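What follows is a single chain, given as structure tokens, in the form deposited in one PDB entry.
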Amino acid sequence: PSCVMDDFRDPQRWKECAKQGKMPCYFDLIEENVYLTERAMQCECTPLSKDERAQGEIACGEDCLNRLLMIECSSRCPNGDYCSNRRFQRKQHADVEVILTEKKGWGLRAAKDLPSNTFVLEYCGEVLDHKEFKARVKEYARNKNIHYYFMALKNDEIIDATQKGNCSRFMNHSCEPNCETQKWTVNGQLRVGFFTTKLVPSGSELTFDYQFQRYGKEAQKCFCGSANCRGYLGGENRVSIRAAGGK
């Protein structure tokens, strides 16, 4: 079973497909992070001429000062509409499908060949502070959830994609992955996105190394299948809830 990203745009049809095992369980699809508690930059690229645009030159490419510092451009970029460094904002995500794996739950797979260092998807969710994080830890333990969706963003910001997020919440862990996190500044705010680290052939599952900070009493077994698998999500050590959440 597999589905494409447009299948998640219609909640009623999605909920029906989920009841027949054709889509994962319903969640609230969001376009950007939602803060439970709200908290308290133009590059120097020379604008492309119309002829350079027509000949295929890239605006705000590899030499863009903002891109080099993992900062996206705004609407006021000197290249305006042509700026290629607004991928998070313009939802310029990779062509990926959501698939059912044999025993990891649902996962993500490439629907085309993905070049190295291709933006896949932003990891969106509800952003929690430490107090809200502990409340959700308790709730998900009481609910006996199997899958966990917490991503550390910065000191007192944990992204929780359990209830609200996007298809990035389906990326599974691998001990030998083909994607990574990158933290990007968008409008003075930090976001996390997934990016390939190598050429990913069409049909391949997309994975990243969770570097999981496990507070649970027991670690989940890892089924990534890599020759150098660590055996468990969390590895050897158990950490406290407070350390896992950024202390």
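Numbering starts at 1 and follows the sequence shown. Rigid core here is just the name for the largest C-alpha set that superposes within 1.5 Å across the two forms. Residues that one form lacks are left out of the comparison.
Here the subject shifts to the form deposited in another entry, a form of this protein not shown in this document.
Review point. Quick one: with the rigid core lined up, which of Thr181, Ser204, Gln213, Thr185 moves its CA 2 Å or more between the shown form and the other one?
Key: With the rigid core fitted, the residue that moves is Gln213.
Review point. Does the C-alpha of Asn237 move 2 Å or more between the shown form and the other one once the rigid core is lined up?
Key: Yes, because once the rigid core is superposed, the C-alpha of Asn237 moves 2 Å or more between the shown form and the other one.
Practice item. Mind checking the CA-CA distance of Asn228 and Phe212 in that other deposited form? It differs by 3 Å or more from this form, so is it closer or farther? Key: It is farther: in that other deposited form, the C-alpha atoms of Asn228 and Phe212 lie at least 3 Å more apart than they do here.
Point to revise | Sense of CA distance change between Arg214 and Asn172 in that other deposited form, threshold 3 Å | key: Relative to the displayed form, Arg214 and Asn172 draw closer in that other deposited form - a change of at least 3 Å between their C-alphas.
Review point. Once the rigid core is overlaid, which residue runs, three or more long, move by 2 Å or more at each CA between the shown form and the other one?
Key: Three-plus residue runs displaced between the shown form and the other one: 1-5, 211-218, 235-243.
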